[PDB]
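Below is structure26.cif, which holds mmCIF, C-alpha atoms (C1' of nucleotides) and all ligand atoms.
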data_entry
#
loop_
_atom_site.label_atom_id
_atom_site.label_comp_id
_atom_site.auth_asym_id
_atom_site.auth_seq_id
_atom_site.Cartn_x
_atom_site.Cartn_y
_atom_site.Cartn_z
CA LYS A 1 -49.03 -40.93 -22.54
CA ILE A 2 -51.26 -37.79 -22.05
CA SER A 3 -52.47 -37.01 -18.50
CA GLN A 4 -56.13 -36.27 -17.59
CA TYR A 5 -54.79 -33.47 -15.28
CA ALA A 6 -53.96 -30.07 -16.81
CA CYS A 7 -51.15 -29.65 -14.18
CA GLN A 8 -49.24 -32.63 -15.83
CA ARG A 9 -49.55 -31.14 -19.36
CA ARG A 10 -48.02 -28.11 -21.13
CA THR A 11 -50.76 -25.87 -22.55
CA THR A 12 -49.36 -22.85 -24.41
CA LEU A 13 -51.34 -20.27 -26.38
CA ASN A 14 -50.90 -22.35 -29.59
CA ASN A 15 -54.16 -24.16 -30.12
CA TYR A 16 -54.48 -26.50 -33.16
CA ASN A 17 -57.99 -27.50 -32.38
CA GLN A 18 -59.79 -24.15 -31.97
CA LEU A 19 -62.78 -25.29 -34.14
CA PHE A 20 -63.25 -28.17 -31.67
CA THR A 21 -62.58 -26.20 -28.42
CA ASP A 22 -64.92 -23.34 -29.49
CA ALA A 23 -67.80 -25.85 -29.84
CA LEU A 24 -66.94 -27.51 -26.46
CA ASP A 25 -66.61 -24.07 -24.82
CA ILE A 26 -70.14 -23.16 -26.05
CA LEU A 27 -71.65 -26.48 -24.84
CA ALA A 28 -69.86 -26.00 -21.43
CA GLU A 29 -71.25 -22.42 -21.16
CA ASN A 30 -74.74 -23.83 -21.96
CA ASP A 31 -74.48 -26.41 -19.17
CA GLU A 32 -72.99 -23.79 -16.77
CA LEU A 33 -76.06 -21.54 -17.38
CA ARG A 34 -78.56 -24.39 -17.02
CA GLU A 35 -76.56 -25.51 -13.86
CA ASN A 36 -75.69 -29.10 -14.69
CA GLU A 37 -72.23 -29.23 -13.08
CA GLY A 38 -71.55 -32.82 -14.38
CA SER A 39 -71.83 -32.14 -18.17
CA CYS A 40 -70.36 -28.65 -17.85
CA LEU A 41 -67.18 -30.00 -16.11
CA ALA A 42 -66.71 -32.83 -18.69
CA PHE A 43 -66.86 -30.35 -21.64
CA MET A 44 -64.30 -27.96 -20.00
CA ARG A 45 -61.96 -30.97 -19.38
CA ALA A 46 -62.43 -32.16 -23.00
CA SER A 47 -61.87 -28.63 -24.41
CA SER A 48 -58.82 -28.31 -22.03
CA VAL A 49 -57.12 -31.59 -23.12
CA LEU A 50 -57.62 -30.52 -26.83
CA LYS A 51 -55.86 -27.14 -26.20
CA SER A 52 -52.78 -29.10 -24.81
CA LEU A 53 -52.35 -31.21 -28.02
CA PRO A 54 -49.26 -30.56 -30.15
CA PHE A 55 -51.22 -31.50 -33.35
CA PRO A 56 -54.72 -30.98 -34.91
CA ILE A 57 -57.48 -33.68 -34.90
CA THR A 58 -58.13 -34.70 -38.56
CA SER A 59 -59.59 -38.24 -37.98
CA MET A 60 -61.26 -40.26 -35.17
CA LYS A 61 -58.02 -42.27 -34.77
CA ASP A 62 -56.50 -38.92 -33.66
CA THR A 63 -58.65 -39.19 -30.47
CA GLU A 64 -57.38 -42.68 -29.51
CA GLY A 65 -55.51 -42.65 -26.17
CA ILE A 66 -56.54 -39.05 -25.33
CA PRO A 67 -58.23 -38.96 -21.89
CA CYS A 68 -61.38 -36.97 -21.16
CA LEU A 69 -63.07 -37.84 -24.45
CA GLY A 70 -66.09 -40.09 -24.08
CA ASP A 71 -68.95 -41.16 -26.37
CA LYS A 72 -70.54 -37.65 -26.50
CA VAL A 73 -67.31 -35.62 -27.04
CA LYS A 74 -66.22 -38.09 -29.76
CA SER A 75 -69.72 -37.62 -31.39
CA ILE A 76 -69.18 -33.80 -31.49
CA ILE A 77 -65.59 -34.32 -32.82
CA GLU A 78 -66.99 -36.70 -35.55
CA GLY A 79 -69.64 -34.06 -36.45
CA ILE A 80 -67.00 -31.28 -36.87
CA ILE A 81 -64.69 -33.56 -38.95
CA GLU A 82 -67.61 -34.31 -41.39
CA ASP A 83 -69.52 -30.96 -41.91
CA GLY A 84 -66.77 -28.65 -40.56
CA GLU A 85 -69.16 -27.23 -37.90
CA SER A 86 -71.02 -28.36 -34.72
CA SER A 87 -74.79 -28.74 -35.12
CA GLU A 88 -74.99 -29.13 -31.28
CA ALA A 89 -73.13 -25.79 -30.59
CA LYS A 90 -74.76 -23.92 -33.55
CA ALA A 91 -78.13 -24.83 -31.89
CA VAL A 92 -76.91 -23.25 -28.59
CA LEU A 93 -75.69 -20.09 -30.43
CA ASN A 94 -79.20 -19.59 -31.97
CA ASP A 95 -80.90 -20.40 -28.60
CA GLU A 96 -82.43 -17.30 -26.96
CA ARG A 97 -81.66 -18.49 -23.35
CA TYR A 98 -77.91 -18.71 -24.22
CA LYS A 99 -77.75 -15.46 -26.36
CA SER A 100 -79.46 -13.60 -23.48
CA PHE A 101 -77.25 -15.22 -20.77
CA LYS A 102 -74.04 -14.40 -22.74
CA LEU A 103 -75.27 -10.79 -23.29
CA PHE A 104 -76.54 -10.12 -19.73
CA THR A 105 -73.55 -11.69 -17.84
CA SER A 106 -71.24 -9.60 -20.11
CA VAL A 107 -72.31 -6.63 -17.84
CA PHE A 108 -70.12 -6.02 -14.77
CA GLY A 109 -72.27 -6.84 -11.73
CA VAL A 110 -74.70 -9.17 -13.52
CA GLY A 111 -74.22 -12.90 -12.83
CA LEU A 112 -76.28 -16.06 -13.49
CA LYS A 113 -79.14 -15.13 -11.05
CA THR A 114 -79.83 -11.63 -12.52
CA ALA A 115 -79.39 -12.86 -16.14
CA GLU A 116 -82.07 -15.56 -15.54
CA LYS A 117 -84.41 -13.17 -13.60
CA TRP A 118 -84.18 -10.73 -16.61
CA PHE A 119 -84.64 -13.47 -19.28
CA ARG A 120 -87.83 -14.65 -17.49
CA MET A 121 -89.10 -11.01 -17.31
CA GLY A 122 -89.10 -11.13 -21.15
CA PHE A 123 -85.89 -9.09 -21.67
CA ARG A 124 -83.59 -9.86 -24.66
CA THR A 125 -81.43 -6.70 -25.13
CA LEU A 126 -79.40 -4.35 -22.90
CA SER A 127 -81.31 -1.37 -24.41
CA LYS A 128 -84.75 -2.57 -23.09
CA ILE A 129 -83.14 -3.25 -19.63
CA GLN A 130 -81.74 0.32 -19.35
CA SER A 131 -85.00 1.87 -20.70
CA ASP A 132 -87.15 -0.18 -18.19
CA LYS A 133 -88.59 2.25 -15.60
CA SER A 134 -89.23 -0.52 -13.02
CA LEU A 135 -85.79 -2.20 -12.72
CA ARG A 136 -83.47 -1.08 -9.86
CA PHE A 137 -79.70 -1.64 -10.38
CA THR A 138 -76.92 -2.26 -7.84
CA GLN A 139 -74.00 0.26 -7.56
CA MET A 140 -71.95 -2.42 -9.37
CA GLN A 141 -74.42 -2.82 -12.32
CA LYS A 142 -74.68 1.00 -12.65
CA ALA A 143 -70.82 1.08 -13.11
CA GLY A 144 -71.04 -1.96 -15.46
CA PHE A 145 -73.54 -0.17 -17.79
CA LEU A 146 -71.84 3.27 -17.55
CA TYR A 147 -68.43 1.80 -18.71
CA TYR A 148 -69.87 -1.14 -20.79
CA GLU A 149 -68.26 -0.30 -24.16
CA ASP A 150 -64.82 0.08 -22.46
CA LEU A 151 -65.13 -3.18 -20.47
CA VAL A 152 -66.65 -5.30 -23.32
CA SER A 153 -63.67 -4.23 -25.55
CA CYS A 154 -60.65 -6.30 -24.31
CA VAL A 155 -57.56 -4.81 -22.71
CA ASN A 156 -54.10 -5.29 -24.18
CA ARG A 157 -50.44 -5.70 -23.18
CA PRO A 158 -49.47 -1.94 -23.61
CA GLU A 159 -52.63 -1.01 -21.45
CA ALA A 160 -51.97 -3.81 -18.87
CA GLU A 161 -48.35 -2.60 -18.67
CA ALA A 162 -49.60 0.97 -18.18
CA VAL A 163 -51.90 -0.29 -15.37
CA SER A 164 -49.00 -2.26 -13.75
CA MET A 165 -46.85 0.89 -13.59
CA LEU A 166 -49.81 2.86 -12.13
CA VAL A 167 -50.54 0.17 -9.47
CA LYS A 168 -46.79 -0.14 -8.54
CA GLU A 169 -46.42 3.65 -8.23
CA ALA A 170 -49.45 3.89 -5.87
CA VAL A 171 -48.43 0.91 -3.66
CA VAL A 172 -44.68 1.88 -3.15
CA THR A 173 -45.95 5.35 -1.98
CA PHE A 174 -47.48 3.61 1.08
CA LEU A 175 -45.25 0.44 1.22
CA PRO A 176 -41.76 1.00 -0.31
CA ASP A 177 -40.67 -2.67 0.18
CA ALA A 178 -43.89 -4.05 -1.41
CA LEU A 179 -43.76 -6.67 -4.14
CA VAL A 180 -46.46 -6.18 -6.79
CA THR A 181 -46.94 -9.05 -9.26
CA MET A 182 -49.24 -8.98 -12.28
CA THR A 183 -51.15 -12.29 -12.21
CA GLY A 184 -53.99 -13.75 -14.30
CA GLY A 185 -53.88 -14.28 -18.05
CA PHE A 186 -51.27 -11.60 -18.71
CA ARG A 187 -48.78 -13.52 -16.49
CA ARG A 188 -49.71 -16.58 -18.66
CA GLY A 189 -48.43 -14.65 -21.66
CA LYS A 190 -51.81 -13.61 -22.98
CA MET A 191 -52.05 -10.75 -25.48
CA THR A 192 -55.57 -9.65 -24.36
CA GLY A 193 -57.85 -9.94 -21.35
CA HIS A 194 -60.93 -8.51 -19.61
CA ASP A 195 -59.10 -7.36 -16.54
CA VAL A 196 -55.59 -6.90 -15.10
CA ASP A 197 -55.08 -8.79 -11.83
CA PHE A 198 -52.39 -8.02 -9.23
CA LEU A 199 -50.88 -9.67 -6.18
CA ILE A 200 -49.51 -7.28 -3.55
CA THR A 201 -47.39 -8.50 -0.63
CA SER A 202 -44.98 -6.76 1.75
CA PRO A 203 -42.29 -8.49 3.90
CA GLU A 204 -41.72 -5.51 6.31
CA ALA A 205 -45.42 -4.53 6.69
CA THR A 206 -47.27 -4.55 10.04
CA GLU A 207 -50.73 -6.26 10.35
CA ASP A 208 -52.39 -2.78 10.42
CA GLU A 209 -50.32 -1.70 7.35
CA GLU A 210 -51.49 -4.79 5.33
CA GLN A 211 -55.21 -4.16 6.11
CA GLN A 212 -55.12 -0.37 5.51
CA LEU A 213 -53.20 -0.54 2.13
CA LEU A 214 -56.10 -1.13 -0.31
CA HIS A 215 -57.96 1.81 1.37
CA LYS A 216 -54.87 4.12 1.13
CA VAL A 217 -54.33 3.20 -2.59
CA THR A 218 -58.06 3.51 -3.62
CA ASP A 219 -58.50 6.88 -1.81
CA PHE A 220 -55.27 8.09 -3.51
CA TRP A 221 -56.81 7.21 -6.92
CA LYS A 222 -60.15 8.80 -5.82
CA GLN A 223 -58.28 12.11 -5.05
CA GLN A 224 -56.57 11.94 -8.47
CA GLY A 225 -59.95 11.40 -10.22
CA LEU A 226 -58.93 7.89 -11.43
CA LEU A 227 -61.24 5.69 -9.36
CA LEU A 228 -64.45 4.98 -11.33
CA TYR A 229 -65.74 2.01 -9.25
CA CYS A 230 -64.46 0.45 -6.01
CA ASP A 231 -65.42 -2.48 -3.81
CA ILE A 232 -63.03 -3.57 -0.98
CA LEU A 233 -63.71 -7.07 0.44
CA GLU A 234 -62.18 -7.51 3.94
CA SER A 235 -59.98 -10.48 4.83
CA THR A 236 -61.59 -13.58 6.47
CA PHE A 237 -58.24 -15.48 6.47
CA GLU A 238 -56.79 -17.40 9.42
CA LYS A 239 -57.14 -22.09 8.24
CA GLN A 240 -59.60 -25.01 7.64
CA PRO A 241 -59.18 -26.62 4.18
CA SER A 242 -62.50 -27.80 2.58
CA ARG A 243 -63.45 -30.02 -0.44
CA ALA A 244 -65.59 -20.20 -3.93
CA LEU A 245 -63.30 -17.13 -3.65
CA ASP A 246 -60.24 -16.46 -1.49
CA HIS A 247 -60.21 -15.19 2.05
CA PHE A 248 -57.48 -12.70 1.21
CA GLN A 249 -58.23 -9.06 1.31
CA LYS A 250 -59.11 -7.85 -2.17
CA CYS A 251 -60.75 -5.15 -4.26
CA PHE A 252 -62.50 -4.98 -7.67
CA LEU A 253 -61.91 -1.62 -9.35
CA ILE A 254 -62.59 0.22 -12.57
CA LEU A 255 -59.68 2.63 -13.16
CA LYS A 256 -59.44 5.63 -15.52
CA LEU A 257 -56.36 4.86 -17.70
CA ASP A 258 -55.17 8.08 -19.45
CA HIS A 259 -54.26 7.37 -23.12
CA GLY A 260 -50.97 9.27 -22.52
CA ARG A 261 -49.68 6.35 -20.38
CA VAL A 262 -49.99 3.89 -23.39
CA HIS A 263 -48.39 3.77 -26.94
CA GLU A 264 -57.92 10.15 -29.13
CA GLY A 265 -61.70 10.58 -28.40
CA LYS A 266 -61.91 10.42 -24.64
CA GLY A 267 -58.23 10.57 -23.75
CA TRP A 268 -58.70 7.69 -21.19
CA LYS A 269 -60.03 4.08 -20.88
CA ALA A 270 -62.13 2.38 -18.16
CA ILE A 271 -60.06 -0.67 -17.09
CA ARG A 272 -61.16 -3.48 -14.73
CA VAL A 273 -58.39 -4.10 -12.14
CA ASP A 274 -58.25 -6.65 -9.28
CA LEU A 275 -55.86 -6.03 -6.39
CA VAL A 276 -55.18 -8.84 -3.91
CA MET A 277 -53.36 -8.06 -0.69
CA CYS A 278 -51.77 -11.18 0.81
CA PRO A 279 -49.51 -11.99 3.86
CA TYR A 280 -45.84 -12.58 2.89
CA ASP A 281 -45.72 -16.19 4.22
CA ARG A 282 -48.65 -17.24 1.89
CA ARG A 283 -47.40 -15.37 -1.31
CA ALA A 284 -46.53 -18.48 -3.47
CA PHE A 285 -50.01 -20.05 -2.80
CA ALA A 286 -51.77 -16.79 -3.74
CA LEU A 287 -49.49 -16.38 -6.83
CA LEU A 288 -50.20 -19.99 -7.91
CA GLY A 289 -53.95 -19.44 -7.39
CA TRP A 290 -54.33 -16.04 -9.06
CA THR A 291 -52.26 -16.99 -12.06
CA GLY A 292 -54.74 -19.63 -13.13
CA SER A 293 -56.03 -20.71 -15.54
CA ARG A 294 -59.33 -21.92 -14.07
CA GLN A 295 -58.82 -25.45 -15.43
CA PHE A 296 -55.18 -25.62 -14.33
CA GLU A 297 -56.19 -24.70 -10.69
CA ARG A 298 -59.13 -27.18 -10.72
CA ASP A 299 -56.73 -29.97 -11.76
CA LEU A 300 -54.01 -28.92 -9.26
CA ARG A 301 -56.66 -29.28 -6.51
CA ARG A 302 -57.98 -32.56 -8.06
CA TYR A 303 -54.52 -34.17 -8.46
CA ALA A 304 -53.55 -33.11 -4.90
CA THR A 305 -56.55 -34.87 -3.31
CA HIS A 306 -56.96 -37.94 -5.55
CA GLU A 307 -53.28 -38.75 -6.26
CA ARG A 308 -51.49 -37.39 -3.16
CA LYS A 309 -53.92 -37.17 -0.19
CA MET A 310 -53.29 -33.43 -0.01
CA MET A 311 -55.48 -30.32 0.06
CA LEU A 312 -54.58 -27.28 -1.93
CA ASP A 313 -56.19 -23.88 -2.13
CA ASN A 314 -55.14 -20.19 -2.50
CA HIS A 315 -53.86 -19.96 1.08
CA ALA A 316 -52.13 -23.30 1.79
CA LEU A 317 -51.22 -26.90 0.98
CA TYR A 318 -52.13 -29.52 3.60
CA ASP A 319 -50.75 -33.09 3.77
CA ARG A 320 -53.62 -35.30 5.05
CA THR A 321 -51.46 -38.31 6.01
CA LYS A 322 -48.61 -36.33 7.73
CA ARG A 323 -51.35 -33.99 9.29
CA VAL A 324 -49.14 -30.97 8.51
CA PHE A 325 -49.20 -27.76 6.43
CA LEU A 326 -46.53 -27.69 3.73
CA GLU A 327 -44.47 -24.52 3.58
CA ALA A 328 -43.43 -22.91 0.28
CA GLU A 329 -41.46 -19.74 -0.60
CA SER A 330 -42.05 -20.23 -4.40
CA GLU A 331 -44.49 -21.88 -6.86
CA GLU A 332 -41.61 -24.34 -7.66
CA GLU A 333 -41.74 -25.59 -4.02
CA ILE A 334 -45.55 -26.24 -4.24
CA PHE A 335 -45.02 -28.32 -7.45
CA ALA A 336 -42.14 -30.14 -5.63
CA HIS A 337 -44.36 -30.95 -2.60
CA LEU A 338 -47.09 -32.26 -4.97
CA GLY A 339 -44.60 -34.48 -6.82
CA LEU A 340 -45.12 -32.55 -10.08
CA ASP A 341 -42.66 -31.20 -12.65
CA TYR A 342 -42.67 -27.40 -12.65
CA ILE A 343 -45.05 -25.82 -15.20
CA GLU A 344 -44.14 -22.31 -16.36
CA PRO A 345 -46.97 -19.71 -16.20
CA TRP A 346 -47.26 -19.51 -20.03
CA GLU A 347 -47.72 -23.35 -20.10
CA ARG A 348 -50.75 -23.24 -17.73
CA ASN A 349 -53.25 -22.07 -20.39
CA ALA A 350 -55.61 -25.03 -19.83
"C1'" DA B 1 -79.54 -12.72 -1.37
"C1'" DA B 2 -76.26 -11.90 -5.24
"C1'" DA B 3 -72.01 -10.65 -7.02
"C1'" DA B 4 -67.15 -10.00 -7.57
"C1'" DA B 5 -62.16 -14.11 -8.85
"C1'" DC B 6 -58.55 -17.86 -11.09
"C1'" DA C 1 -77.16 -49.11 -14.58
"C1'" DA C 2 -75.65 -46.01 -10.85
"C1'" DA C 3 -72.79 -42.76 -8.87
"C1'" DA C 4 -69.08 -39.14 -8.19
"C1'" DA C 5 -66.63 -36.18 -9.89
"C1'" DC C 6 -62.76 -31.06 -4.21
"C1'" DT D 1 -70.56 -35.87 -19.54
"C1'" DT D 2 -66.83 -39.20 -18.37
"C1'" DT D 3 -65.33 -42.73 -15.67
"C1'" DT D 4 -65.51 -46.70 -12.71
"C1'" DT D 5 -67.71 -50.63 -11.19
"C1'" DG D 6 -63.06 -56.50 -6.89
"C1'" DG D 7 -58.00 -52.43 -11.57
MG MG A 401 -57.90 -11.69 -15.66
NA NA A 402 -71.04 -10.25 -15.34
#

Would you write out, as structure tokens, the structure that this file holds?
Ligand SMILES: [Mg+2]
Ligand code: NA
Amino acid sequence: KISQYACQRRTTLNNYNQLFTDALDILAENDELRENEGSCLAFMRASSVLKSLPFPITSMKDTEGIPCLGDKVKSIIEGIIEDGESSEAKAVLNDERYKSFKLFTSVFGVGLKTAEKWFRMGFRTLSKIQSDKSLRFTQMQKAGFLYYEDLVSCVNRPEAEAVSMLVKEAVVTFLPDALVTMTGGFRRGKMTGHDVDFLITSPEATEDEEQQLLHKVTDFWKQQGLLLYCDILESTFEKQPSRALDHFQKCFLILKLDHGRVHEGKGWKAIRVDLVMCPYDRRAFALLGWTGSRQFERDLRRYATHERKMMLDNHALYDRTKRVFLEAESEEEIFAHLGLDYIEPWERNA
DNA sequence: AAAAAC
DNA sequence: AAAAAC
DNA sequence: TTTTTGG
């Protein structure tokens, strides 16, 4: 029997139903842009269960017993089996509101609100936006346009590994005992990604040392002419669990990666890097949260509430019946507390 | 406000 | 048919 | 959009 929760499935990078999940991913993106939460969530769950399957869907009998697939999803599956394409998703791909949303949000610093504001102002290309004498861009959007070609072209495992070394070298200069862990998609065994995420924690660090680290590291890169963009968000952490973002201290950077650190034109590459500074006692929760994937986390939180009367987030796990916070030194302990079998990072690609 | 994250 | 999906 | 409706 296949579970409706991504956290009770193994989802590797081997997808047998990519023609189906591409269509569902487009329809989900279309409902996410039109804000429609309900439909959007059902398509992501459908697309997610299909990625977990150890076989391709060739007939409608192949959908029997698979959760998450209702009358609409089955109609899209039946459409792809017949013509080999989705008329529903092809419609969305030719739709100007989607093309424009996909294009505008692809800029670093432009989200759903700016993309819609621009689409309603009659804009359809990034060229017309930059040429427009009236528009005023945020320091973030100015960075996003200035390094667009570098950011829109995915980062790879040699580059991510070159960034990891660079991050580690900067951190251990200020905190020798610091543990730096590459999270996100790369930790899930991905070959490519848009950014490289990191989790920094230090057992021997003082409270002042934890707060001043991201400033010490970013100014160090600024002095070396490597910092292209920087935004440090201060910690709001305590801790009341609620039914988003993390309260950990973090920063969103664009780093200059010299080609000589990887194995040309510029001699460097603009790379989007996220650094998350977390207290040592909360490290497993932060590592479980920043590893992802989005759907895996959503289902970990969903399973915890609905099947266990527990509240999980990036900071802690709370048992609602025992009225106590559950302590964990590893991701394996969080899974244990939840009553789940451990899922390896490269099996969380839901 | 809006954006940045899995 | 109506509602909640954390 | 899917699921649940006294499961
Ligand atoms: Mg990432
Ligand atoms: Na964006």

### Distance filter 7 Å, only C-alpha atoms (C1' of nucleotides), chain A against chain C, as a count of residues only
3

Using only C-alpha atoms (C1' of nucleotides), tabulate the residues of chain D lying at most 10 Å from any atom of chain A, each with its closest atom pair and that distance in Å to one decimal, by chain and increasing residue number, as CSV.
residue,atom,partner,partner_atom,distance
D:1,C1',A:39,CA,4.2
D:2,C1',A:70,CA,5.8
D:3,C1',A:70,CA,8.8

### Task
Select all residues near (-50.4, -14.6, -21.2) (cut-off 7 Å, inclusive, file coordinates), counting only C-alpha atoms (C1' of nucleotides), and output them as a ChimeraX atom specification.
/A:185-191,346

Would you mind exporting the chosen residues as a PDB file, in the coordinates of the input, restricted to C-alpha atoms?
ATOM      1  CA  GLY A 185     -53.880 -14.280 -18.050  1.00  0.00           C
ATOM      2  CA  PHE A 186     -51.270 -11.600 -18.710  1.00  0.00           C
ATOM      3  CA  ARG A 187     -48.780 -13.520 -16.490  1.00  0.00           C
ATOM      4  CA  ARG A 188     -49.710 -16.580 -18.660  1.00  0.00           C
ATOM      5  CA  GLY A 189     -48.430 -14.650 -21.660  1.00  0.00           C
ATOM      6  CA  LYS A 190     -51.810 -13.610 -22.980  1.00  0.00           C
ATOM      7  CA  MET A 191     -52.050 -10.750 -25.480  1.00  0.00           C
ATOM      8  CA  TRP A 346     -47.260 -19.510 -20.030  1.00  0.00           C
TER       9      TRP A 346
END

### Message
Could you list, as a PyMOL selection string, all residues that come within 6 Å of ligand MG 401 (chain A)? Count all atoms listed in the file.
### Response
chain A and resi 184-185+193-197

### Summary
re atom CA of residue A:307 and atom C1' of residue D:5: distance 19.3 Å

### Message
My list of candidates is A:299, A:238, A:341, A:313. Which is closest to residue A:49 when distances are computed with all atoms listed in the file?
### Response
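Of the candidates, the smallest distance to residue A:49 is held by A:299.
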
#### Entry: Near-residue A:327 list (9 Å; all atoms listed in the file; drop same-chain fewer than 3 positions) as a list in words
residues 281, 282, 316, 317, 333, 334 and 337 of chain A

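Around ligand NA 402 (chain A), the neighbouring residues within 10 Å, taking only C-alpha atoms (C1' of nucleotides) and all ligand atoms, come to residues 101, 102, 103, 104, 105, 106, 107, 108, 109, 110, 111, 112, 114, 115, 140, 141 and 144 of chain A; 3 and 4 of chain B.
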
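Between atom CA of residue A:123 and atom CA of residue A:98 the separation is 12.8 Å.
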
### Message
Would you pick out the contacts of stretch 223-227 of chain A at 8 Å or less, using all atoms listed in the file, so that residues sharing its chain but fewer than 2 positions from it are not included, and give the list as a PyMOL selection string?
### Response
chain A and resi 218-221+229-230+253-257

### Task
Take atom CA of residue A:84 and atom CA of residue A:5 and report the distance between them in Å, one decimal.
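Separation of atom CA of residue A:84 and atom CA of residue A:5: 28.4 Å.
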
Show me, as a short mmCIF file (atom, residue, chain, number, x, y, z; two decimals) with C-alpha atoms (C1' of nucleotides), in the frame of the given file, the residues that have an atom within 10 Å of residue A:289 when counting only C-alpha atoms (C1' of nucleotides), minus same-chain residues fewer than 6 positions from it.
data_model
loop_
_atom_site.label_atom_id
_atom_site.label_comp_id
_atom_site.auth_asym_id
_atom_site.auth_seq_id
_atom_site.Cartn_x
_atom_site.Cartn_y
_atom_site.Cartn_z
CA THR A 183 -51.15 -12.29 -12.21
CA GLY A 184 -53.99 -13.75 -14.30
CA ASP A 246 -60.24 -16.46 -1.49
CA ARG A 283 -47.40 -15.37 -1.31
CA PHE A 296 -55.18 -25.62 -14.33
CA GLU A 297 -56.19 -24.70 -10.69
CA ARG A 298 -59.13 -27.18 -10.72
CA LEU A 300 -54.01 -28.92 -9.26
CA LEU A 312 -54.58 -27.28 -1.93
CA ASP A 313 -56.19 -23.88 -2.13
CA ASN A 314 -55.14 -20.19 -2.50
CA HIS A 315 -53.86 -19.96 1.08
CA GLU A 331 -44.49 -21.88 -6.86
"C1'" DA B 5 -62.16 -14.11 -8.85
"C1'" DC B 6 -58.55 -17.86 -11.09
#

Missing atoms in stretch 5-16 of chain A: can you complete it with N, CA, C and O atoms, as a compact mmCIF listing (two decimals), in the coordinates of the input?
# COMPACT_ATOMS: atom_id res chain seq x y z
N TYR A 5 -55.00 -34.66 -16.11
CA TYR A 5 -54.79 -33.47 -15.28
C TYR A 5 -53.99 -32.44 -16.05
O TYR A 5 -52.89 -32.72 -16.49
N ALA A 6 -54.54 -31.22 -16.14
CA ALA A 6 -53.96 -30.07 -16.81
C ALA A 6 -52.61 -29.69 -16.22
O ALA A 6 -51.75 -29.21 -16.97
N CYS A 7 -52.40 -29.93 -14.91
CA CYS A 7 -51.15 -29.65 -14.18
C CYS A 7 -49.97 -30.60 -14.57
O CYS A 7 -48.83 -30.33 -14.18
N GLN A 8 -50.24 -31.67 -15.35
CA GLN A 8 -49.24 -32.63 -15.83
C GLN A 8 -49.11 -32.52 -17.38
O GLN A 8 -48.57 -33.40 -18.04
N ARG A 9 -49.61 -31.43 -17.94
CA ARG A 9 -49.55 -31.14 -19.36
C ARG A 9 -48.97 -29.74 -19.53
O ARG A 9 -48.96 -28.95 -18.58
N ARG A 10 -48.50 -29.44 -20.75
CA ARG A 10 -48.02 -28.11 -21.13
C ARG A 10 -49.07 -27.60 -22.10
O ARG A 10 -49.37 -28.28 -23.10
N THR A 11 -49.73 -26.49 -21.74
CA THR A 11 -50.76 -25.87 -22.55
C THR A 11 -50.35 -24.42 -22.81
O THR A 11 -50.53 -23.54 -21.96
N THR A 12 -49.78 -24.18 -23.99
CA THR A 12 -49.36 -22.85 -24.41
C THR A 12 -50.53 -22.15 -25.08
O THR A 12 -51.66 -22.65 -25.04
N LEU A 13 -50.28 -21.00 -25.71
CA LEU A 13 -51.34 -20.27 -26.38
C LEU A 13 -51.55 -20.70 -27.83
O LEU A 13 -52.41 -20.13 -28.51
N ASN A 14 -50.80 -21.73 -28.28
CA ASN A 14 -50.90 -22.35 -29.59
C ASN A 14 -51.90 -23.48 -29.57
O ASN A 14 -51.61 -24.56 -29.08
N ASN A 15 -53.09 -23.20 -30.10
CA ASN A 15 -54.16 -24.16 -30.12
C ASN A 15 -54.45 -24.60 -31.56
O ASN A 15 -54.83 -23.77 -32.40
N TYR A 16 -54.27 -25.91 -31.83
CA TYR A 16 -54.48 -26.50 -33.16
C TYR A 16 -55.85 -27.00 -33.40
O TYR A 16 -56.16 -27.46 -34.52
